[PDB]
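Indexing begins at 1, ligand by ligand and atom by atom, following the structure's order. Residue numbering restarts at 1 for every chain, and letters A, B, ... go by the order of the sequence lines.
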Amino acid sequence: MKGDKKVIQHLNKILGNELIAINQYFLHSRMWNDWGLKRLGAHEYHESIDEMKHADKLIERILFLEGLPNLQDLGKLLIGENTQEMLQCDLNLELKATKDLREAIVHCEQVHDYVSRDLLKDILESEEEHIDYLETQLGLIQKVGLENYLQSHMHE
Amino acid sequence: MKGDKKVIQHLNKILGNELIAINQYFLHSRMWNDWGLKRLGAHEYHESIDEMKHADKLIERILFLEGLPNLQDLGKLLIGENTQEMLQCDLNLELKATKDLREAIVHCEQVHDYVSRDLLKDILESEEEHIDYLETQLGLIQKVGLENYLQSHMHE
Amino acid sequence: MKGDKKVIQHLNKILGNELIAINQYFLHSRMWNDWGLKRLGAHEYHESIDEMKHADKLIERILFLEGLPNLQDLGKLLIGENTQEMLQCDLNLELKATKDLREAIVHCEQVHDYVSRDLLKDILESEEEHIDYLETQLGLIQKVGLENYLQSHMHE
Amino acid sequence: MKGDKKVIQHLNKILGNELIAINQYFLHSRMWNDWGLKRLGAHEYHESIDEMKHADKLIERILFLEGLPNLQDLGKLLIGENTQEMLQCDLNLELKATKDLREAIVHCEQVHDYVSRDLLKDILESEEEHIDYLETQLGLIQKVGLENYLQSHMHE
Amino acid sequence: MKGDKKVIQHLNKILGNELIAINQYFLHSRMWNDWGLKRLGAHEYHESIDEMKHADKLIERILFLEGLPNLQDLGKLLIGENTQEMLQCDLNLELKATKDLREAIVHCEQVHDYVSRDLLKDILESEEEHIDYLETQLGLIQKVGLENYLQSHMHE
Amino acid sequence: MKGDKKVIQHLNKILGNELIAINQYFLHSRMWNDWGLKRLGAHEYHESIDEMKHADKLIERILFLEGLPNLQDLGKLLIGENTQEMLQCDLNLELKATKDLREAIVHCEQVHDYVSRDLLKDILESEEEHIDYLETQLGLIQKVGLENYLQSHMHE
Amino acid sequence: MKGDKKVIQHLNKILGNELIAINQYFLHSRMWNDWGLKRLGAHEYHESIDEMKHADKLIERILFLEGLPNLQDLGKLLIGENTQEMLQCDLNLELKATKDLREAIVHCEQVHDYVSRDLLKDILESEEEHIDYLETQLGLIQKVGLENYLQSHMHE
Ligand code: HEM
Ligand code: HEM
Ligand code: HEM
Ligand SMILES: O=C1NC(=O)c2c(NCc3ccccc3O)cccc21
Ligand SMILES: O=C1NC(=O)c2c(NCc3ccccc3O)cccc21
Ligand SMILES: O=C1NC(=O)c2c(NCc3ccccc3O)cccc21
Ligand SMILES: O=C1NC(=O)c2c(NCc3ccccc3O)cccc21
Ligand SMILES: O=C1NC(=O)c2c(NCc3ccccc3O)cccc21
Ligand SMILES: [Fe+2]
């Protein structure tokens with residue numbers, strides 16, 4: 001079904017953000033596992049899987065709309081050097097992602113691609129849940145202290 | 001069965017205390033969940049449910065006695081800004097509630113409404129258990145420190 | 001995540017309507033149980049519970065958006081004195097509620113808070129189901145007559 | 001297998017009657033559900049389903065006989081405005097349907113299409129069962145009164 | 001609940017499209033079964049049932065909105081004479097349907113009937129999945145050849 | 001445990017090849033699904049998953065050896081435009097991957113990193129199995145013909 | 001089967017390293033248990049058991065190759081006096097063990113004793129996993145502090 005060219009560009013932009021997040025979250029997960037912070041590693045792994053599933057759905061929608069999904073261009077990963085930075089890098093990436101999602105929904109609405117809009121709204125709900133998680137982790141580091149926060153994430 | 005006018009007024013005052021407690025505990029629960037302190041959130045949620053069940057029983061007794069349950073007037077909620085204040089706000093509310101329960105029981109006894117007295121005694125037992133929980137949490141904060149106390153309440 | 005100030009005001013207004021509905025439906029439920037109309041009592045109880053669930057989700061969203069949920073201000077309860085009037089009071093409240101939901105959705109769309117819109121849309125679907133139920137009950141009273149209508153609601 | 005031309009015309013006529021009945025019974029069903037008369041709504045829904053199944057077999061038989069099933073022409077639906085009228089409308093349609101079935105059976109018998117006759121006899125048995133049901137409901141309205149009759153069809 | 005007159009007209013227009021599709025897909029299904037292409041027949045049958053379910057929900061929504069569902073007017077069925085043409089007829093009908101769904105959604109949005117919009121969006125998702133299925137079948141015919149395509153749809 | 005610098009460089013090169021393959025195979029999988037060639041789509045999905053698992057193990061080994069896994073640099077994806085070309089693109093990528101694997105094993109052996117060698121040997125076994133599959137598919141296209149080969153991969 | 005004299009000497013040297021580790025890890029395990037650090041005790045016990053299993057396989061291989069396993073000469077145990085020292089003593093022993101394993105693998109390769117090489121590679125994989133565990137624990141002590149690290153290892 002021939003899609004709107006600019007819808008497809010927006011979907012490829014969202015997909016590109018998901019592709020960054022897959023790799024960024026997967027590396028952060030394995031860094032935390034390597035450091036013995038296995039509960040953080042496990043949760044970050046599941047965040048990475050979630051982005052993989054979003055990327056899948058975007059690829060499928062783009063192809064149905066007779067566009068070419070862009071898996072070639074990989075933007076800049078934000079890799080932290082400690083737990084606090086890794087969580088902040090994730091949150092900064094999510095805030096860009098949700099900004100881009102909102103602009104994509106605007107355009108979908110304007111050209112009446114309501115199914116693409118519904119897909120993006122669902123992805124936006126997942127990303128806002130991830131923002132909730134990240135903001136809460138940063139708040140907990142303040143409320144329980146870094147040593148306790150890391151201690152609470154050693155064992156699964 | 002027509003009840004004593006002043007019993008019904010006492011029952012409505014106790015009900016009013018329960019209605020404040022429902023909302024105060026429900027908001028505190030959701031604040032704690034938002035902050036990532038999910039074990040505190042779950043326990044405060046169950047305290048809110050407790051008060052909902054007491055309010056139900058009070059409403060049922062008032063109606064049986066052919067009075068009008070007052071769900072319209074809501075007294076002042078005591079909302080804290082941090083964990084220790086939220087617990088102390090709960091405790092201050094509970095101490096007012098048990099004072100009001102005692103005066104209501106005196107009057108039920110004087111006019112021989114022994115069934116209303118028994119209901120209020122059951123509610124008073126529950127409220128004294130809540131006071132025990134609150135005093136104990138405040139004592140634990142002193143013994144283990146706030147950061148450890150909150151750490152122990154991150155995960156359900 | 002910092003929310004739009006007027007979105008949060010709209011959410012608190014929707015929350016206020018739900019808080020009214022919780023108490024109005026809970027009291028109507030217990031009135032119907034006291035009168036021996038237990039099927040009405042049980043159905044109205046479940047309506048109250050549904051409103052409690054909506055209020056929970058609104059509270060949770062407001063906190064995520066870094067607003068202050070308002071559980072203190074309680075608007076006017078519409079309490080009926082007989083079955084037809086109670087249903088009509090519920091219906092009047094619901095029509096006020098869906099008017100407010102539509103205006104809140106308009107504003108969420110305008111500021112691109114698509115997740116808040118989706119939450120409100122889900123709530124609007126529930127409230128329109130309640131309107132469907134209420135309009136149908138009032139119509140049944142006209143079709144089968146009040147005495148038969150009440151008879152049919154004595155037993156669950 | 002090449003069928004008799006007039007058998008196919010008769011089969012298309014019976015099918016045309018079933019297609020009217022499908023839509024008339026389905027709309028009456030949903031009207032009754034909208035009005036809270038859910039036992040009538042459910043029963044009328046099953047009548048519509050039964051006509052769908054008859055239409056299926058008629059379509060299958062026409063095609064085996066190398067005819068063209070006519071799903072394009074839709075005759076006049078008889079939609080009532082209240083329960084008595086709706087039941088009488090169904091009954092008027094069923095009486096036309098059974099007249100047409102009898103004439104189709106005569107013709108199948110004359111050209112020795114005994115399998116088509118057997119199919120139509122089975123459909124006629126179902127339509128006479130529907131007639132019994134309809135006549136009985138109209139009779140019950142007279143015996144128990146309209147208000148009781150409707151009351152008895154509120155709950156499934 | 002009194003709905004917008006033009007929303008109801010749009011809903012009846014969508015319903016009219018579903019009613020055409022029910023009959024067109026059902027006949028196509030039974031043609032394919034008669035020709036021994038049972039996997040096509042079964043899939044097309046399930047497409048017809050899906051349109052029946054959409055029509056039900058549209059009828060129910062119209063009645064809730066106090067309009068009159070139109071099951072009387074049946075538009076033009078597009079019946080093919082061979083497998084390729086039947087698939088193209090279905091696809092042509094689906095493209096008209098999704099064009100009409102988009103216009104109805106625009107109008108629901110403008111009058112703030114967000115629940116009708118959500119229903120139509122769900123139907124639109126279903127119809128776009130049908131378009132994907134249809135476009136894919138036509139493409140497979142080109143890739144594997146017509147004889148192989150039919151061969152693969154002989155047995156379920 | 002501090003690893004050999006050039007081993008880590010080799011591991012990152014193997015990792016880089018796996019990251020290309022993940023995306024290349026995932027996109028090919030979703031293209032085949034879009035085209036209705038669901039058995040190829042499923043098999044190619046499992047190949048993509050297999051490469052994801054290899055990438056995970058390389059990332060973990062690199063971090064253990066105190067290197068920085070490179071998920072940022074993504075080399076050139078080889079995306080075909082039809083089935084035969086997609087298989088060949090997978091095959092060309094795999095032939096480069098196994099050459100690089102052999103060179104990495106040589107160097108691991110030279111510096112006595114026998115665990116890294118064993119990991120690379122296991123990955124090489126998986127890549128050679130993938131080569132067996134790909135060569136066999138390309139040969140089957142020749143033996144049964146393209147139209148039959150595609151037909152045989154339509155349904156899972 | 002007569003083995004290479006120097007392979008057997010290498011195998012007896014690896015065996016000697018394993019025998020030290022059995023006793024060192026078993027004593028550390030029981031010290032931690034006596035101190036109430038039962039999770040460290042349990043983990044260290046399983047490390048000791050693992051070395052016992054390695055020693056068993058080495059003894060079996062030496063006898064198959066017609067050498068004499070040396071269980072008489074026991075090298076120097078590295079027993080720490082506190083948790084940090086005990087972990088570092090384990091790590092120092094493992095680093096010596098993996099150096100000796102690498103030299104033995106070199107010699108097995110030169111004389112084509114590929115089965116002995118495979119046995120040693122498997123032991124080396126297990127010892128590098130122990131190195132990973134030990135390095136991670138020492139890092140966790142720095143990240144969460146010694147008191148939290150010990151607290152997390154009180155209960156199994
Ligand atoms: C007049 C005030 C209220 C009364 C009388 C009341 C009564 C009740 C009762 C009797 C239950 C069932 C508990 C059980 O036996 O399991 C319940 C459940 C619940 N209430 Fe309330 N309640 C009130 C207010 C509220 C408010 C203000 C909120 C939230 C803001 C709330 C949230 C809930 C929730 C989330 C549940 C659990 C529902 C479920 O999933 O089953 N309630 N309430
Ligand atoms: C040419 C007209 C039609 C034919 C031949 C037809 C045929 C059928 C058949 C064979 C079934 C399944 C019966 C079974 O379960 O054994 C069915 C189910 C159904 N039909 Fe129809 N039908 C037609 C029109 C309609 C229309 C116009 C509507 C609604 C407005 C409708 C609504 C339904 C529904 C809701 C179901 C149940 C699907 C489910 O299982 O959930 N049908 N139909
Ligand atoms: C550095 C890149 C990636 C790595 C390391 C990686 C790793 C993984 C791993 C370890 C799994 C679990 C496999 C198992 O079941 O054991 C997985 C699953 C999966 N991956 Fe990835 N992956 C990557 C990229 C991607 C991309 C780019 C996509 C799609 C665009 C994707 C889609 C999926 C899906 C759909 C699943 C299964 C999810 C489910 O359980 O439903 N992955 N990945
Ligand atoms: O990242 C990428 N996403 C893609 O589609 C893609 C490529 N596609 C080649 C191609 C072109 C025109 C039509 C069909 C096609 O398969 C080629 C390279 C990279 C990518
Ligand atoms: O309601 C209907 N039933 C049908 O068959 C039909 C149509 N069929 C076209 C056609 C003609 C001649 C031969 C094979 C054919 O498919 C066309 C329109 C409507 C209908
Ligand atoms: O397809 C149809 N949908 C309908 O409602 C309908 C008819 N309705 C009769 C009627 C009119 C005015 C007011 C209430 C009513 O029941 C009559 C014929 C056909 C249809
Ligand atoms: O693809 C990547 N793999 C990585 O490690 C990485 C980055 N690492 C930052 C960094 C440097 C020095 C020390 C610790 C560190 O976390 C930064 C960007 C991209 C990548
Ligand atoms: O630690 C030890 N390992 C051994 O084999 C061993 C002894 N072996 C006695 C013996 C000698 C000559 C030939 C065959 C034999 O069994 C004796 C003492 C200690 C050990
Ligand atoms: Fe602690």
Counting only heavy atoms, which portion of B/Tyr45 has something under 4.0 Å from ligand 1: side chain, backbone, both, or neither? side chain
Atoms of ligand 1 less than 4.0 Å from B/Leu71 heavy atoms? 1 (C)
Hey, looking at atom 24 (C) of ligand 1, which of C/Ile49, C/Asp56, C/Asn23, C/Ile22 has the closest heavy atom? C/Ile22
Close-contact set for ligand 2 against E/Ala55 heavy atoms, below 4.0 Å: 30 (C)
Please tell me whether C/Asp90 and C/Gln24 have a donor and an acceptor in their side chains that are separated by less than 3.5 angstrom. yes
Just wondering, more than 12 heavy atoms not from B/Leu68 lying within 6.0 Å of its CG? no
Geometry at atom 21 (Fe) of ligand 3 - A/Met52 SD versus F/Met52 SD angle, rounded to 10 degrees: 170°
Please enumerate all residues that pass side-chain contact (heavy atoms from CB on, under 4.5 Å) together with E/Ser48, with sequence neighbours excluded. E/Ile22, E/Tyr25, E/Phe26, E/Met52
So, B/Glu51 side chain and B/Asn23 main chain: donor-acceptor pair closer than 3.5 Å or not? no
The atoms of ligand 1 lying under 4.0 Å from a heavy atom of B/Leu19, numbered in the order shown, are 1 (C), 2 (C)
Is there a donor-acceptor contact under 3.5 Å from the side chain of D/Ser29 to the main chain of D/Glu44? no
Quick one: list whatever passes side-chain hydrogen bond (donor to acceptor under 3.5 Å, both in side chains) with A/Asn12, sequence neighbours left out. none
If you measure from atom 38 (C) of ligand 3 to every heavy atom of A/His54, F/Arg30, A/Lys53, which option wins on shortest distance? A/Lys53
Does ligand 3 have a heavy atom under 4.0 Å from the side chain of A/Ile59, from its backbone, from both, or from neither? side chain
